[PDB]
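Working notes for the structure below.
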Amino acid sequence: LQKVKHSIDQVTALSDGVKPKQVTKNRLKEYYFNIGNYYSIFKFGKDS
Amino acid sequence: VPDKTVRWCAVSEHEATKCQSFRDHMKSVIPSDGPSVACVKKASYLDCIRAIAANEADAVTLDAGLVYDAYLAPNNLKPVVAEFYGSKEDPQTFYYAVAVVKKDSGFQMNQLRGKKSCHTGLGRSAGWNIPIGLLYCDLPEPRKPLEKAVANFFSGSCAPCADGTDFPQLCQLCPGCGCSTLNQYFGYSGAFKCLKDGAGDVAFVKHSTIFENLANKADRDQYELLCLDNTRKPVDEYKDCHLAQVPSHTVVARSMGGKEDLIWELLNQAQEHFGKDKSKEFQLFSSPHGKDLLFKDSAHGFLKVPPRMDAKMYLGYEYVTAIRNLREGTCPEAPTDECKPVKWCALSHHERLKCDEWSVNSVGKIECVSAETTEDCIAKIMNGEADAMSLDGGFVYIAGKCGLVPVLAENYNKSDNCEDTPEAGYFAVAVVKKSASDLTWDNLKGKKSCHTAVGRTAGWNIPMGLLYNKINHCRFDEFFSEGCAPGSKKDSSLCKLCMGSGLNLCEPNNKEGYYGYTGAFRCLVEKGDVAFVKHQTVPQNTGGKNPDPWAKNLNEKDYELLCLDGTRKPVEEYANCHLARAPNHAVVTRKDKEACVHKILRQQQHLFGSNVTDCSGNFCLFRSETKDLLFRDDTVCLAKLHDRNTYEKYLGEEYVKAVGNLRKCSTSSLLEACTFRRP
Amino acid sequence: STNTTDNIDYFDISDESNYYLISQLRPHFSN
Ligand SMILES: *[C@@H]1O[C@H](CO)[C@@H](O[C@@H]2O[C@H](CO)[C@@H](O)[C@H](O)[C@H]2NC(C)=O)[C@H](O)[C@H]1NC(C)=O
Ligand SMILES: *[C@@H]1O[C@H](CO)[C@@H](O)[C@H](O)[C@H]1NC(C)=O
Ligand SMILES: [Fe+3]
Ligand SMILES: [Fe+3]
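Just so you know, the protein sequences line up as chains A, B and C, in that order.
First residue of the first sequence? That's 1403 in the numbering used here, and the numbers climb one at a time after it.
First residue of the second sequence? That's 2 in the numbering used here, and the numbers climb one at a time after it.
First residue of the third sequence? That's 11 in the numbering used here, and the numbers climb one at a time after it.
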């Protein structure tokens, strides 16, 4: 439950924010792994 | 809310670049749930120390002398991870300090005033503390402040991090004295470059940087290093011609906020990937942007500092004493006529009581400082609050390994020549009931036990050595069903069966009811199957020799001792079957106080010793109420030891071999610290 | 009701470094 709530809160924390249009490769990799890790935690979490 | 992260503290932009590559590589290796590096740029190292103490930063690398600056309040730092300089075949924790000069300059070390000197920094170890310490007492008064006096000693110099505004001579060769890599003269190779430019006449660096900067052999054949006995040698006999050894550089972090484990995991993966050229695509110890960034160049790996060792135990005693006399600015004369009073050490309200009474009955030569456990008091002797202590041979092994010497031994036999005769050493036995005659040495498994204290001779070393040959396992709460051995860990059954309450069970002081000799015997009588004591225990607790009730009712013809082959021998004959011999208890102290402890204690044993009858009402030094406090209760006199003052010559070959057989099972953290200090 | 429990699927384990959480249900890892 706590892991699901932390995931949804961090995704809304990303859903706030300042929006960039252009990104370098290394930081966009970290963004993709971050949000993919988040919803992956979610879709595991609701089943558990 | 929010997860773990590691942050590092940076000095300049080169540290930010190297820290940036370090971030991307260490986020490349670790899984996404593991924490990564961050980079926080600060201007100087001292501002970085206050950045750690005010929790903006977590870790940063310092020298030894700078560790002494970071130790102080309100900073409250702690050394957590050191680094070794040798190959992985043999790690070396200390490194040398040398002074490189130009060929054919032709000047001695002693008359070195009025020359150009280049220092690697203010307060650093091989740059500042050793040269000013060796040159220190030759300067005239006023010596405080130090930078003014050294500024008048040389005719101008370079020393970064020194204050240019209050002292202009320290920046006379370096126009800005800046605590960063932006200064080209800052650092080891900056000081060697200060010699290589010819602007500096003498430089002070480690033994390896002249091998770092110069690749040609003739360039090495030019530059020379001066010796301490005013001679000259070339470079590669730095093991022959050095000034002093210093401890290595150390990653420091704060004490309460932590955290040691996370830094040590991260730097474990760092040392396993990047140290000894496993990867070409990134190096951790060398970098093209600059040298000595974030770490040293001559480092080859990281060693964990044990949790016991804080900064004063890390630097040693001579180094802290020298650096404190150098900060405070005092050249000791010490003519050595009279003796300052000895600060004896006690523990927990019975030793402290007795020690205070002896401090008043003596005219003032003895004063008392208390600790709680005996390991903590031995550490309190090492860093320097306490002078002398009497403790058994199993702790003369530990304290002797930590760097202390025994002076006077205890005698147990009454004679006219007891003060000079080296006695032989007492016997250790195991006492069993008469009510159980089925007990043999061949079968001790699953049956109860009683020990005096963890780490002692007759309670620990002599039993668990001879047992350790047979069991061949390092744990012991599996071989015994349960027992009593105070000083073990609280999860065990060994601390579970013991007596004291509340929260004082298994605590190794006199507040444990089953502690020590008489307490182990009371463990045997009340709840015990076998006990492990000295041979002298049963006639001293037999037959109303104690006014205590439980010892008043007992007799010795019941309580019998068992042998090694299994055959029960009666109590009066101990020599036919002793478990093993144990050396006498001895008084240990630091090496510099050996003469005053010797001269004072020989005076004190005459006035209050064993010839003083009418013991009740007046003072007796050795007689106690069978708590066996400050000294064993049956001591007659204390023997003067000439020619045998080390731990190994005092304890002897068979016993040192026995503890050496036990050595991989000892869990005392102070032994781990005093072993880690060794190279 | 029933004196016994049908699903035994609540028992679980993760690695000792806490790097990965396993489960009894499909597909037993979040990654
Ligand atoms: C204890 O001290 C005595 C002397 O105080 C040692 O020497 C002899 O002991 C025997 C008893 O076994 C006496 O009869 C002798 O008179 C003693 N003196 C001599 C021979 O000069 C003794 O060895 C010491 N140790 C023990 C274990 O008793
Ligand atoms: C015994 O004690 C007395 C009382 O001070 C002292 O004069 C004498 O030297 C002592 N005897 C010794 C130390 O042999
Ligand atoms: Fe250094
Ligand atoms: Fe002893």
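For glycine and all other residues, C-beta sits at the position ideal for the given N, C-alpha and C.
| Item | Value |
| --- | --- |
| Residue-chain proximity (residue 1435/A, chain B), Cβ-Cβ < 8 Å | yes |
| DSSP beta-bridge partners of residue 9/B | 40/B and 60/B |
| Residue closest to residue 651/B, alpha-carbon to alpha-carbon, out of 383/B, 586/B and 610/B | 586/B |
| Neighbour-count burial assignment, residue 1429/A, 16 or more Cβ in a 10 Å radius | exposed |
| Secondary structure, beta strand (DSSP E): runs of 3+ residues fully inside the stretch 600-660 of chain B | 639-641 |
| DSSP-derived helix/strand/coil call for residue 378/B | helix |
| Unbroken alpha helix (DSSP H) run spanning residue 110/B, endpoints | Counting along the chain, residue 110/B falls outside any alpha helix (DSSP H), and DSSP gives it neither H nor E. |
| Cβ pair residue 568/B, residue 542/B closer than 8 Å | no |
| Residue 442/B in three-state terms, based on DSSP | coil |
| Amino acids of chain A, ordered along the chain, whose beta-carbon sits closer than 8 Å to that of residue 25/B | 1428 |
| is_contact[residue 1443/A, chain C] using C-beta, thresh 8 Å | yes |
| Proximal residues of chain C, C-beta to C-beta of residue 1418/A below 8 Å | Near residue 1418/A there are no residues of chain C at all, since even the closest Cβ is about 25 Å away, more than 8 Å. |
| CB contact below 8 Å: residue 682/B versus chain C | Nothing can be reported for residue 682/B: it is not among the residues displayed for chain B, which extend from 2 to 680. |
| Counted within 10 angstroms of its Cβ, other Cβ atoms place residue 185/B as buried (16 or more) or exposed | exposed |
| Residue 73/B Cβ short of 7 Å to ligand 2 heavy atom set | no |
| Rounded C-alpha distance that separates residue 233/B from residue 458/B | 51 Å |
| Same chain, Cβ closer than 6 Å to residue 288/B, five either side skipped, listed in chain order | 19 and 294 |
| Close-in-space but distant-in-sequence residues of the same chain around residue 275/B (CB under 7 Å, 5 per side omitted) | 283, 284 and 285 |
| Ligand 4 heavy atom lying under 7 Å from the CB of residue 452/B | no |
| Selected residue, minimal CA-CA separation from residue 130/B, among 338/B, 40/B and 245/B | 245/B |
| Environment of residue 75/B [buried if 16+ CB atoms lie within 10 Å] | exposed |
| Alpha carbon of residue 1441/A to alpha carbon of residue 498/B, nearest angstrom | 53 Å |
| For residue 683/B, three-class secondary structure by DSSP | Residue 683/B cannot be examined here, being either before or after the span of chain B that is shown, 2 to 680. |
| C-alpha distance - residue 177/B paired with residue 372/B, whole-angstrom precision | 49 Å |
| Selected residue, minimal CA-CA separation from residue 40/C, among 1443/A, 1407/A and 1436/A | 1443/A |
| Exposure of residue 170/B, with buried meaning 16 or more beta-carbon neighbours within 10 Å | buried |
| Residue 456/B beta carbon less than 8 Å from that of residue 106/B | no |
| Between the CA atoms of residue 622/B and residue 43/B - distance to the nearest angstrom | 59 Å |
| Rounded straight-line distance, which links the Cα of residue 38/B to that of residue 1436/A | 17 Å |
| Neighbour list for residue 3/B in chain C, Cβ cutoff strictly below 8 Å | Within chain C, no residue comes near residue 3/B; the closest Cβ sits about 17 Å away, beyond 8 Å. |
| Residue 524/B, DSSP secondary structure in three states | helix |
| Whether residue 467/B touches residue 581/B by CB criterion (8 Å) | yes |
| Residue from 89/B, 71/B, 503/B and 672/B with nearest C-alpha to residue 403/B | 672/B |
| Helix, strand or coil at residue 125/B according to DSSP, with G and I counted as helix | coil |
| Alpha carbon of residue 302/B to alpha carbon of residue 267/B, nearest angstrom | 13 Å |
| Runs of beta strand (DSSP E) wholly within the stretch 545-590 of chain B (minimum 3 residues, chain order) | 581-583 and 587-590 |
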